[PDB]
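S.K.: For the sequence shown, position 192 matches number 192 in the authors' numbering, and the numbering has no gaps at all. By construction, the Cβ of each residue, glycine as well, lies at the ideal position given by its N, Cα and C atoms.
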Amino acid sequence: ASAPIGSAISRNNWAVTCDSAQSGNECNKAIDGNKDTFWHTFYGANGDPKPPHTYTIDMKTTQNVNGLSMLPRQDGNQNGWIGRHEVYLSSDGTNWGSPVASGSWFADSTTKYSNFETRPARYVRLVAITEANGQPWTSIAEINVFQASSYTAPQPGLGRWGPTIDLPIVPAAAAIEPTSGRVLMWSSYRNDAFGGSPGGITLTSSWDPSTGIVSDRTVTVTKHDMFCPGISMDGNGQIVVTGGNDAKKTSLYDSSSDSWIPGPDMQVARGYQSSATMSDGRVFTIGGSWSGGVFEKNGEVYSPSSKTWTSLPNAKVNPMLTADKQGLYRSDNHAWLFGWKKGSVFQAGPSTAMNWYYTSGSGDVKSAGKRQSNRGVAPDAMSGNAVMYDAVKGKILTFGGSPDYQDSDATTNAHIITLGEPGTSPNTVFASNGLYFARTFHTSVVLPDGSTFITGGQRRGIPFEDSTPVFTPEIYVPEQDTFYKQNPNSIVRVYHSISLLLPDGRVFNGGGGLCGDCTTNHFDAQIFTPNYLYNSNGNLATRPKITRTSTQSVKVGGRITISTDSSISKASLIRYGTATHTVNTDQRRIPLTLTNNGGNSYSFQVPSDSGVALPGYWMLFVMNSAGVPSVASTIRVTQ
Ligand SMILES: [Cu+2]
Ligand code: NA
Numbered sequence: 001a002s003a004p005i006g007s008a009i010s011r012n013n014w015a016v017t018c019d020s021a022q023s024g025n026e027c028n029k030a031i032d033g034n035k036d037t038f039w040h041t042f043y044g045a046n047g048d049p050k051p052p053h054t055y056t057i058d059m060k061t062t063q064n065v066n067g068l069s070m071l072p073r074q075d076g077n078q079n080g081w082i083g084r085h086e087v088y089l090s091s092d093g094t095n096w097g098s099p100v101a102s103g104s105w106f107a108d109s110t111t112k113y114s115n116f117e118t119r120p121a122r123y124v125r126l127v128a129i130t131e132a133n134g135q136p137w138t139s140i141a142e143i144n145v146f147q148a149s150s151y152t153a154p155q156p157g158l159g160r161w162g163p164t165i166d167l168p169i170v171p172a173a174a175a176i177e178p179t180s181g182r183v184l185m186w187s188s189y190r191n192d193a194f195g196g197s198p199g200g201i202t203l204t205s206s207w208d209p210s211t212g213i214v215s216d217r218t219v220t221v222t223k224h225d226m227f228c229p230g231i232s233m234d235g236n237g238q239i240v241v242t243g244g245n246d247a248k249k250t251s252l253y254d255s256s257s258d259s260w261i262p263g264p265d266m267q268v269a270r271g272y273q274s275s276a277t278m279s280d281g282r283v284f285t286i287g288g289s290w291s292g293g294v295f296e297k298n299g300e301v302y303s304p305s306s307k308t309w310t311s312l313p314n315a316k317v318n319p320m321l322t323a324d325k326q327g328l329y330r331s332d333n334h335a336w337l338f339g340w341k342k343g344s345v346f347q348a349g350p351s352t353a354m355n356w357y358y359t360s361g362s363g364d365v366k367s368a369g370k371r372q373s374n375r376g377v378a379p380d381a382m383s384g385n386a387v388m389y390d391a392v393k394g395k396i397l398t399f400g401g402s403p404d405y406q407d408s409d410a411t412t413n414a415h416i417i418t419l420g421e422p423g424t425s426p427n428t429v430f431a432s433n434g435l436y437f438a439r440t441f442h443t444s445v446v447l448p449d450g451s452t453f454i455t456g457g458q459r460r461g462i463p464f465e466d467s468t469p470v471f472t473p474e475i476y477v478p479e480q481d482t483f484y485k486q487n488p489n490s491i492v493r494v495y496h497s498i499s500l501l502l503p504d505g506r507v508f509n510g511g512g513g514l515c516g517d518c519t520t521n522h523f524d525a526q527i528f529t530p531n532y533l534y535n536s537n538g539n540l541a542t543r544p545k546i547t548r549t550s551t552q553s554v555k556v557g558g559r560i561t562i563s564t565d566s567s568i569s570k571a572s573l574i575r576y577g578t579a580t581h582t583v584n585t586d587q588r589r590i591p592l593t594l595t596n597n598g599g600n601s602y603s604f605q606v607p608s609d610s611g612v613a614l615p616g617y618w619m620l621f622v623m624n625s626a627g628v629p630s631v632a633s634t635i636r637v638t639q
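And the structure:
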């Protein structure tokens, strides 16, 4: 079940207009207050008019709209369930503009929602583009429009939230498909639940930024229910999805062919582990006591070339365990892993103790000291995020989290960890004065300019409950060592939420929930457009364009020559991300040292060390004098 952030508006003086309506199933039948009566389009008489089918509402007066509900027909018939749709808002009548919400709803009889940012409007319009099973009809039992307590205009210069992407599933896990630019998302065996799973099935969904289309696919070929996994993009360009509900399995997502192919079983059955891509393109994983048993689960490595998993039992999980009250079940979860030089993997936390993991032979571990500063020793920070914003200088920003997985207060603790060579204890200092808001279950992404966008979460970690939410996102700016509050959103993004950087420089933030008949399932996502895409007038700024590239595929140490349409000041390489349960071990940023060839022609070198420039797919962004980035050019980095 689900959402809607506000209170229902009075349906007394409402004037409703439909494009098609039968006798006995009129347009006004969707606002009467009965769940047994319904609106239905032409069937039998006047033939069968195929969708788009429109439902326009006139609320007579200006209301602070933040959502809508659509209750399907409750008579047991499927004819009319809305699939693809769009929600529009207006103040006059024929100046709708862009949709405030768009996407696809699941094929069932449950109440569907479209939750979006507050915007004053008099007219609301629900366009039903398709029917859930491809039939010509559209039927709504009850349609309600929701309102917020008040409207506060978004502050100029602090970004913008919107539109909302309505989804058929709760996106508890996600990844960008680099070759196509689409967002791949997945839930479990069901769209809203995981408990009582027979295994072997994952419901996936995708969203295309260029088309706006949301499609779904049932994945059974890999015999893996991919809820609660380790996720990593290997050097061969495939997403390694490990364990979870089906603890011993591995699933490989290939972006170029848009398909899922079976991977070899892991040596140790895991759930909630973090996996990290290494310097040689291999994938390292450790811990994960959510599924497959609760015991000491040491490291293991995946080789893409041989298609094997090999145990590294001496890469001990013991030194990275948090002091979690629930014990080993939680203490080895969601490690802040980063692939580094010479096959090593840095573990930045969540435990106070940081460690170096080695992958040669049967593995090894060496203490990297405690995450600390002049303010003291940093406590365990489960569900705290870690972002490598400057891989060349080995800079990692860590923030938030709580001592225990649940029933624990989040903190404002933030640190900057500076990596040196493997085996050396990194320097750690506090980041500014920490976060503005204490948050756990929050998500983050590194932006083109080196800044880290932090969003969602709650002050006290209570899974599946939308209590003590943080609506105001923050951006950390390294050059200034300062956090900045951005414009707030209206949707709670707590446990099971995700954030990914899109190729267009915007942030995709979604999910939260996945508990079944609970009221906290968020079958959606929202787009955050940062300030760097806006001019001083509050309109979308002119973006510099990468007119030509010498090559799309490059080896570490190699050069790329580009041509632009205007002068460039800075450039960056951002590794494509993957996300689940606050973990994103794939994203990282490399600031590029540019050589000006003149005539808007620039050259740069991809770092020689594959521990910095992790093999895989990367986003090339160029920034002008005003700081406005281009859309990304997809670059494949090999060894
Ligand atoms: Cu979970
Ligand atoms: Na009705």
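#1: Going by the CB atoms, is the gap between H442 and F430 shorter than 8 Å?
#2: With distances taken from each beta carbon to the nearest heavy atom of ligand 1, which residues come in below 6 Å, in chain order?
#3: In its own chain, which residues sit with a C-beta less than 6 Å from the C-beta of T202, not counting the 5 before and 5 after it?
#4: At the level of alpha carbons, what is the spacing between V16 and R84?
#5: Which partner residues does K395 have in the DSSP bridge list?
#6: Cβ of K112 versus every heavy atom of ligand 2: is any distance shorter than 7 Å?
#7: Return helix, strand or coil for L328, following the three-state DSSP convention.
#8: So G369 packs on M382, CB below 8 Å; how close in whole Å?
#9: Identify, in the order they occur along the chain, each residue of the same chain with its Cβ nearer than 7 Å to the Cβ of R11, setting aside the five sequence neighbours on each side.
#10: Using a Cβ-Cβ cut-off of 6 Å (strictly less than) and excluding sequence neighbours within five positions of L594, which residues of its own chain qualify?
#11: How long is the line joining the alpha carbons of residue 643 and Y389, rounded to whole angstroms?
#12: Using alpha carbons as the reference points, say which of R559, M320, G281, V345 lies closest to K307.
#13: Looking only at its own chain, which residues have a Cβ that is under 6 Å from the Cβ of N489, when we skip the five neighbours before and after it?
#14: Ligand 2 and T138: does any heavy atom of the ligand fall closer than 7 Å to the residue's C-beta?
#15: For the stretch 135-148 against the stretch 466-480, are there 3 or more C-beta pairs whose distance is under 8 Å?
#16: Measure the Cβ-Cβ separation of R589 and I574 and say whether it is below 8 Å.
#17: Roughly how many angstroms lie between the CA atoms of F146 and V65, to the nearest whole one?
#18: Looking at ligand 2, does it come within less than 7 Å of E465, judged from the CB to the closest heavy atom?
#19: Given a cut-off of 8 Å, decide if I546 and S630 are closer than it, judged by their beta-carbon atoms.
#20: Relative to the C-alpha of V492, which residue among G516, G505, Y476, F523 is closest?
#21: Can you check whether the CB of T41 is closer than 8 Å to the CB of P49?
#22: Only counting runs of 3 or more residues, tell me where the beta strand (DSSP E) segments fall wholly within the stretch 226-279, in order along the chain.
#23: If you follow the beta strand (DSSP E) that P591 is part of, which residue opens it and which one closes it?
#24: Which residues does DSSP list as the beta-bridge partners of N191?
#25: Under the assumption that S536 contacts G512 (Cβ atoms under 8 Å), give the Cβ distance between them as a whole number of angstroms.
#26: Could you tell me which of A21, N413, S150 sits nearest to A45, measuring between CA atoms?
#27: If you measure between the beta carbons of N355 and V365, is that distance less than 8 Å?
#28: With a CB to CB cut of under 8 Å and the five nearest residues on each side skipped, what residues in its chain are close to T359?
#29: Strictly by DSSP, which residues pair up with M59?
#30: Give a yes or no on whether the C-beta atoms belonging to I454 and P469 are separated by under 8 Å.
#31: Out of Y123, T582, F437, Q267, point me to the one whose CA is closest to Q486's CA.
#32: Can you tell me whether DSSP reads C518 as helix, strand or coil?
#33: Sorry if obvious, but does the Cβ on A30 come closer than 7 Å to a heavy atom of ligand 2?
#34: With a 10 Å radius around its C-beta and 16 neighbouring C-beta atoms as the bar for buried, classify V377 as buried or exposed.
#35: Is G450 helix, strand or coil when you go by DSSP?
#36: So is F295 buried or exposed if we call it buried at 16+ other beta carbons inside 10 Å?
M.R.: According to the structure shown:
#1: Residue 430 sits at position 430 when you count from the first residue of the sequence shown. Residue 442 sits at position 442 when you count from the first residue of the sequence shown. No, they are not a contact pair.
#2: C228, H496, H581
#3: Looking up residue 202 in the sequence shown gives position 202. Excluding residues within five positions, the ones whose Cβ falls inside 6 Å are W186, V219, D225, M226.
#4: Here residue 16 refers to the residue found at position 16 when the sequence shown is read from its first residue. Here residue 84 refers to the residue found at position 84 when the sequence shown is read from its first residue. C-alpha separation (whole angstroms): 21 Å.
#5: For the purposes of this step, residue 395 is taken as residue 395 along the sequence shown, with counting starting at 1. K395 pairs with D390, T418.
#6: Translated into the one-based positions of the sequence shown, residue 112 becomes position 112. False, no ligand heavy atom lies under 7 Å from that Cβ.
#7: Along the sequence shown, read from residue 1 onward, the residue named residue 328 stands at position 328. Reduced to three states, the DSSP call for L328 is helix.
#8: Numbered from 1 along the sequence shown, position 369 holds the residue referred to as residue 369. Numbered from 1 along the sequence shown, position 382 holds the residue referred to as residue 382. Going by Cβ atoms, the distance from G369 to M382 rounds to 20 Å, so no, they are not a contact pair.
#9: Working through the sequence shown from its first residue, we reach residue 11 at position 11. Closer than 7 Å at Cβ, skipping near neighbours: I31.
#10: In the sequence shown, counting from the first residue as 1, residue 594 sits at position 594. Result list for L594: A571, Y602, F604, in chain order.
#11: With the chain running from 1 to 639 in the structure shown, residue 643 is simply not present.
#12: Counted from its first residue, the sequence shown places residue 307 at position 307. Closest option to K307, Cα to Cα, is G281.
#13: Taking the first residue of the sequence shown as 1, we reach residue 489 at position 489. Around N489: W161, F471.
#14: For the purposes of this step, residue 138 is identified with residue 138 of the sequence shown, where counting begins at 1. No, the beta carbon of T138 sits no closer than 7 Å to any heavy atom of ligand 2.
#15: no
#16: The residue labelled residue 589 in the question sits at position 589 within the sequence shown. The residue labelled residue 574 in the question sits at position 574 within the sequence shown. In contact: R589 and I574 (Cβ atoms closer than 8 Å).
#17: To locate residue 146, count along the sequence shown from 1; it is residue 146. To locate residue 65, count along the sequence shown from 1; it is residue 65. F146 and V65: Cα-Cα distance of roughly 6 Å.
#18: Here residue 465 is taken as the residue at index 465 of the sequence shown, counted from 1. Outside the cutoff, so no.
#19: On the sequence shown, position 630 is the one that residue 630 refers to. On the sequence shown, position 546 is the one that residue 546 refers to. Cβ distance < 8 Å, so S630 and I546 count as in contact.
#20: Here residue 492 refers to the residue found at position 492 of the sequence shown. When only C-alpha atoms are compared, the closest one is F523.
#21: The residue you call residue 49 lines up with position 49 of the sequence shown. The residue you call residue 41 lines up with position 41 of the sequence shown. Closer than 8 Å, so yes.
#22: 230-233, 238-242, 250-254, 259-262, 274-277
#23: Working through the sequence shown from its first residue, we reach residue 591 at position 591. Its beta strand (DSSP E) spans residues 589-591.
#24: In the sequence shown, residue 191 corresponds to position 191, counting from 1. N191 is not bridged to any residue.
#25: Your numbering for residue 536 matches position 536 in the sequence shown. Your numbering for residue 512 matches position 512 in the sequence shown. Wrong, their Cβ atoms sit about 34 Å apart, outside the cutoff.
#26: In the sequence shown, counting from the first residue as 1, residue 45 sits at position 45. The option with the nearest alpha carbon to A45 is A21.
#27: On the sequence shown, position 355 is the one that residue 355 refers to. On the sequence shown, position 365 is the one that residue 365 refers to. Their beta carbons are under 8 Å apart, which means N355 touches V365 by this criterion.
#28: For the purposes of this step, residue 359 is identified with residue 359 of the sequence shown, where counting begins at 1. The residues are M278, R282, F284, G299, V301, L312, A315, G343, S344, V345.
#29: To locate residue 59, count along the sequence shown from 1; it is residue 59. Beta-bridge pairing links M59 to no other residue.
#30: In the sequence shown, the residue the question calls residue 454 occupies position 454. In the sequence shown, the residue the question calls residue 469 occupies position 469. It is not a contact, given that the beta carbons lie outside the stated cut-off.
#31: On the sequence shown, residue 486 is found 486 positions in, with the first residue counted as 1. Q486 has its Cα closest to that of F437, out of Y123, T582, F437, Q267.
#32: Start at 1 with the first residue of the sequence shown, and residue 518 comes out as number 518. Three-state DSSP puts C518 in coil, outside helix and strand.
#33: Reading the sequence shown from its first residue, position 30 is the one you call residue 30. Correct: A30 has its Cβ closer than 7 Å to ligand 2.
#34: Residue numbering aside, residue 377 sits at position 377 when the sequence shown is read from its first letter. Label assigned to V377: exposed.
#35: As a position in the sequence shown, residue 450 is number 450, starting the count at 1. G450 falls in the coil class under three-state DSSP.
#36: Counting from one through the sequence shown, the residue named residue 295 turns up at place 295. It counts as exposed.
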